[PDB]
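Only one structure is covered here, and it is reproduced in the block below.
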Number of protein chains: 2
Amino acid sequence: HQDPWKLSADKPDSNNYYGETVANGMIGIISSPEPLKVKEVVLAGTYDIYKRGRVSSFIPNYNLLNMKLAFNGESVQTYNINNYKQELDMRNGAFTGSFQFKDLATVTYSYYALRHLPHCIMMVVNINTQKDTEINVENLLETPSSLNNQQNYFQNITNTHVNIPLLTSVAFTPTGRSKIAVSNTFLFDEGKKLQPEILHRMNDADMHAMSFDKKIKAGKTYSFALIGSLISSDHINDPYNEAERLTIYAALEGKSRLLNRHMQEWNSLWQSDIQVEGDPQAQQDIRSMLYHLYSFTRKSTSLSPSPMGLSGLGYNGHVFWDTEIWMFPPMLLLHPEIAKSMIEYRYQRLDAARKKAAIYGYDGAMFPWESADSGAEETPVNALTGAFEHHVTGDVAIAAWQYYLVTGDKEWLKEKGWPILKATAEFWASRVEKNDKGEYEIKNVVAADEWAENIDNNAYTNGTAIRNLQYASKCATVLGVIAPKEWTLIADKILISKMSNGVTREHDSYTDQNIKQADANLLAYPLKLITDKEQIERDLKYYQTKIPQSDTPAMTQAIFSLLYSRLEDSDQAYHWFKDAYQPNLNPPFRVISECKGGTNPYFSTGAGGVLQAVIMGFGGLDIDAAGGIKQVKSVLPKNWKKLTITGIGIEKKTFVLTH
Amino acid sequence: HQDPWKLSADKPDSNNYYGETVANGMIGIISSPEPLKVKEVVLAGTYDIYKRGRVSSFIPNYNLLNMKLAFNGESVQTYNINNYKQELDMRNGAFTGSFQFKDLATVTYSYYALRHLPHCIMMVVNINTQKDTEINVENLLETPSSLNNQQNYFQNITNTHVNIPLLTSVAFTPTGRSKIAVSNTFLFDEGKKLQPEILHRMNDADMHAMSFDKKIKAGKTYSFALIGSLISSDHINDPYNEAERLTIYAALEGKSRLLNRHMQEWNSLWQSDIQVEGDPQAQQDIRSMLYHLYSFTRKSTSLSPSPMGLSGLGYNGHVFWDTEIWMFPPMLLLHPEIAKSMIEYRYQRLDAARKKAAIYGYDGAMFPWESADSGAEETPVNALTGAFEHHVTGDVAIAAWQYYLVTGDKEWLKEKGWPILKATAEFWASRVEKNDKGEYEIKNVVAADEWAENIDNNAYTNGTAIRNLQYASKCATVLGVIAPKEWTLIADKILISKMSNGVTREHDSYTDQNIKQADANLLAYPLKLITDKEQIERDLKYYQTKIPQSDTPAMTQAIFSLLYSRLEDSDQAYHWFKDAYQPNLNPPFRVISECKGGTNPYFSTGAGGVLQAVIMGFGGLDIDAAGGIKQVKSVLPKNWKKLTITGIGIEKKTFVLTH
């Protein structure tokens with residue numbers, strides 16, 4: 001079960017099963033323990049009011065791959081199959097199930113979120129017979145109860161060469177905000193004259209189905225494919241016609257052409273990779289982390305991942321600083337074009353951040369704690385983070401400047417980076433208060449440690465305000481524009497204090513409290529405002545004791561690891577690397593939950609952090625304040641013989657580390 | 001667990017649990033294995049397009065009793081309770097849960113579908129603490145995904161004496177057909193000044209809640225009640241205001257007065273009872289059958305039960321001949337006012353039956369195979385029963401005549417029985433075809449044996465046509481109106497055919513096919529067209545093995561039992577009695593599924609059939625063709641020492657049978 005490219009489960013246990021995701025950055029499909037079913041389908045970019053938090057949310061969508069298979073009229077179930085196995089191939093995001101049905105046939109099915117076609121899915125089914133049998137195949141389009149006002153259609157698209165039967169549904173999100181269309185077809189090898197007749201049934205208010213029978217002689221393989229397109233009014237003006245057009249297109253491209261295009265794009269993604277020798281479990285876990293970030297993002301878009309990517313409705317699908325600080329850095333080093341999409345999401349929401357600033361009495365752009373379609377604040381009103389956790393504005397500024405450092409794209413800096421950096425600097429210039437000693441305070445925030453609410457001079461917050469002001473000033477210099485001199489003046493005098501034990505104080509009310517996650521430690525990495533190794537160690541040793549086992553998210557231990565890696569202490573670095581995710585795992589695919597012993601995977605924020613512990617920590621790779629990637633002192637775990645990191649920076653550099 | 005009045009379950013197992021129902025004929029509440037939760041709530045008479053069959057359905061409603069209990073901020077869970085038990089008290093339809101929270105406190109909760117207030121529910125909670133403690137109590141109103149366009153309200157109704165806090169939701173069924181309102185309040189003993197402050201939270205799109213804290217002192221019991229009213233636009237023009245009005249009303253009646261009224265109505269129902277000496281399991285099973293029929297019906301209404309009563313969405317809540325032939329006869333003998341409500345359902349739908357007859361090219365009234373709000377046909381179009389299973393019209397006529405035979409109410413016969421009998425007889429007079437030999441045929445039906453589709457001269461159907469025509473003619477005589485003489489001429493010549501072995505032929509294409517359920521055997525009972533004991537026996541011998549073990553509903557073996565009791569064969573009668581329901585049971589409360597090994601309780605139709613086997617079979621009770629209840633020869637099971645049946649007929653007679 002420790003293949004470096006495949007996650008495997010034998011006889012799925014529905015009582016203890018956390019499904020795995022295949023995704024192309026637009027559609028996520030989460031596995032069911034039941035054969036030929038999917039648990040959940042999520043479409044990126046589609047939000048409406050729905051359940052949790054009374055704010056916009058991802059919407060459970062059509063389980064468009066749901067299939068029923070019968071042999072000689074006998075329905076295939078978990079209870080009458082044997083040797084049932086599930087496997088995720090991380091090389092191409094293929095989810096495959098395989099089983100034996102009695103004395104009749106072996107069934108293999110593989111499904112894909114097609115990497116090149118953001119709105120298209122494909123499942124390929126192979127039936128290998130040991131006896132003469134007849135299969136009945138049904139594909140069901142059940143309207144989930146999240147949607148309303150559904151319509152169920154079926155038609156034949158024909159010419160002299162083809163009969164493409166389309167099973168289509170159209171429905172609406174709860175408030176009618178978004179119209180969803182789904183269109184499915186079956187692909188056969190045998191041709192129009194010999195292919196099975198497709199029947200259509202509409203027996204339920206919320207379900208219709210297309211079906212066929214096929215006689216298969218003993219000793220033969222019969223193959224068919226299901227193609228489906230899933231799109232909304234958030235993506236295209238006319239989703240109904242566009243879904244049918246896309247499925248017709250995909251059918252006439254065919255299975256072979258679609259899988260070739262899919263493989264080419266996944267091959268490109270894996271040109272940036274992490275190879276560990278001497279630790280097969282680490283090798284597989286790190287692949288799973290890269291796989292999830294690659295699956296949950298998409299180059300050449302304005303999409304940004306939620307903390308759970310496309311693994312479900314975690315945090316309503318909203319975008320947090322979890323992108324800028326946690327998932328963005330590893331993607332910027334491995335595939336800058338993914339980082340570009342993540343910052344594009346924020347650039348296209350600059351107007352909404354300017355609006356939020358105005359409503360709360362500030363200047364410039366105030367990015368929301370939680371973001372969705374418009375870029376307006378989406379934090380549930382019962383959570384104080386929405387009105388009061390303000391470091392997110394600096395987090396967006398930091399990512400924008402890092403994007404420029406790593407790419408050196410000055411045209412991007414002029415058109416997108418500077419608009420972000422200038423407006424966010426203007427926010428911080430209006431957000432600080434000067435005190436009687438000429439220092440600048442930031443008062444009444446929620447800290448990065450979110451347990452500390454409506455407090456003053458949060459360390460991490462003050463750090464991001466400093467970097468935002470400094471990077472806006474450096475940006476102005478790169479573009480030959482005059483920055484307000486107040487930005488540098490404010491940045492130099494923003495308060496960061498030590499307690500009487502020589503430890504950086506989290507906020508003005510802090511002494512010895514338990515903390516939710518890393519805050520003061522983030523001034524060392526990623527902000528690098530603290531470079532003194534003795535102050536890093538003091539802050540490490542103190543705060544690493546303050547994180548409780550329970551209800552603490554995976555936004556902490558990965559940083560402890562990276563910093564101990566920077567201080568060249570293997571045992572500590574490796575201890576914190578494991579603690580960062582191993583206690584958060586769910587069976588049978590080792591998906592990551594938000595918290596230790598949690599049951600809400602997949603927390604791609606957590607994977608982002610650990611990838612930084614590996615690349616910036618063990619690999620010693622670092623964004624150089626002067627541009628591009630450099631390498632500082634690092635160590636490897638005792639048990640790792642070699643760490644290889646490929647496709648780094650715009651030079652696509654390979655880094656090899658050994659003891 | 002064989003108390004003759006109580007069904008009990010220790011430590012509910014959620015992996016193998018079928019909830020029990022409390023109901024008042026208007027609201028049904030189905031139990032959850034989880035403490036202080038309910039699984040499903042169903043409101044009678046509310047139908048809309050929803051899921052199965054693309055036709056009207058009962059709708060899952062607000063789980064209005066859902067509660068969260070915490071001790072000093074620690075929420076009650078599986079892992080922190082012990083001695084957790086559930087009990088259904090069949091004497092008063094009280095569902096009780098009880099558990100110990102750690103070693104700190106004992107909690108009991110009993111809930112009720114108030115028997116006198118059709119739209120009102122109450123849960124009473126008692127907490128006894130061994131140490132000083134603080135409880136937090138939350139009542140949640142979660143809008144189920146079956147409903148839409150919800151609104152979540154909270155207000156205080158006050159005067160100098162009271163503060164009644166109302167938690168209200170209003171929402172719509174899927175097509176907007178019906179507006180639902182629910183309104184809940186807490187009742188306290190301690191009075192306005194000392195009662196806990198009620199907080200309201202609206203944190204989700206589909207859920208709001210009211211909550212309080214209360215300090216309880218060591219060795220003290222703290223009691224509180226939750227009252228809820230649930231009503232729709234199908235029941236009242238303004239359900240929003242009526243729900244709040246009802247809850248205010250119930251709050252100012254108070255727990256005592258409400259439970260006293262509830263008890264009085266339940267005591268009256270149990271004045272008709274069946275007592276078995278020598279077989280505690282039979283005694284409990286038979287009490288459960290009476291309990292479910294009493295819970296799923298209501299005197300002084302026009303309500304009729306679905307095959308699953310108010311236990312859930314079984315058969316979309318539709319009314320079938322399952323009422324007239326299966327649930328109606330035992331209720332007519334025990335509580336004629338329940339039978340009166342069942343036939344009133346049909347009387348008020350006679351217009352809709354005249355419309356169906358006209359649409360299908362017939363005279364008079366053609367009752368639908370499946371009925372709901374309007375009385376129009378509601379059968380899913382994919383089931384040929386809707387268009388072709390015509391015996392339901394005769395079944396309605398038979399119940400209407402039986403109502404008059406048992407009550408002797410000639411004013412009812414004039415106003416309601418005759419309109420039904422005349423219109424249904426006009427239907428059959430138009431439905432038959434005279435052949436060459438002067439016989440009358442009924443061609444192209446679905447049989448009572450529903451596996452036989454589009455066949456001619458079905459035994460049961462033809463028998464119901466004969467009885468309908470005879471009973472309509474008899475009714476005309478009683479009331480002094482002139483009946484068409486064609487009705488008797490047709491009745492005497494409708495074909496009922498024998499095979500070469502002298503066995504009644506199920507239909508013109510019938511030889512030895514397996515059959516879904518009793519059909520030819522129904523000519524012996526209930527129709528009594530076959531009275532010759534040798535004919536009854538040869539029909540039993542031929543058909544009794546024609547019903548497969550699998551996928552055959554509980555509409556057969558109870559009739560076999562009854563006929564063997566009439567033949568004075570105790571071993572066969574008791575064999576078929578047990579076979580009728582014991583192989584259909586679900587744990588932990590021995591609820592009844594439709595089929596053997598089935599998982600869709602509670603099939604009230606099956607209970608109605610078995611009650612006929614007990615009352616008409618073992619008790620020998622019979623509707624005399626001349627009027628009233630008579631007693632014919634019967635046998636008891638070997639192991640039954642005494643059978644006592646109380647409250648029979650309008651004279652409320654007690655029958656005692658011994659060996």
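Counting starts with 1 at the first residue shown.
Method of determination (from the header): X-ray crystallography, 1.5 Å.
The backbone N, Cα and C atoms fix where each Cβ goes, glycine too.
Site annotation (Swiss-Prot): beta-D-glucose 3 is bound by A:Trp451, A:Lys516, and the candidate from A:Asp409, A:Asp551, A:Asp569 recorded at this site is A:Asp551. Among the candidates A:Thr385, A:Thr464, A:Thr531, the residue that Swiss-Prot annotates alongside A:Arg52, A:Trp369, A:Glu370, A:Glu450, A:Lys516 as binding beta-D-glucose 1 is A:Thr385. Candidate recorded positions: A:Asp322, A:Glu370, A:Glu450, A:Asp551, A:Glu594. Fewest other C-beta atoms within 10 angstroms, A:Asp551.
Within the set of binding-site residues (A:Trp321, A:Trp369, A:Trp451), the lowest number of other Cβ atoms found within 10 Å of a Cβ is recorded at A:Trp451. Across the fold, the C-alpha of A:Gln517 (beta-D-glucose 2 binding site) and the C-alpha of A:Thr385 (beta-D-glucose 1 binding site) stand 15 Å from each other. In sequence order, the recorded positions near chain B, meaning those of A:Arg52, A:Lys516, A:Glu594 whose CB lies under 8 Å from a CB of that chain, are A:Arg52. Within 10 Å of A:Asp551 (beta-D-glucose 3 binding site), as judged by C-alpha distances, the recorded positions found are A:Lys516, A:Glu594; the full candidate list was A:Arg52, A:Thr385, A:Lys516, A:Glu594.
Residue pairs drawn from A:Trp451, A:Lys516, A:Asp551, the listed beta-D-glucose 3 binders, are separated by up to 11 Å at the Cα level. Rounded to a whole number, the distance between the Cα atoms of A:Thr385 (beta-D-glucose 1 binding site) and A:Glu594 (active site, proton acceptor) is 18 Å. Put simply, A:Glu450 is the one of the recorded positions A:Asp322, A:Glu450, A:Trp451 whose Cα lies nearest to the Cα of A:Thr385 (beta-D-glucose 1 binding site). Less than 8 angstroms from the CB of A:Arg52 (beta-D-glucose 1 binding site) sit A:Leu313, A:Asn316, A:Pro380, each of them six or more residues away in the same chain. A Cα-Cα distance of 15 Å separates A:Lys516 (beta-D-glucose 1 binding site) from A:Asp322 (beta-D-glucose 2 binding site).
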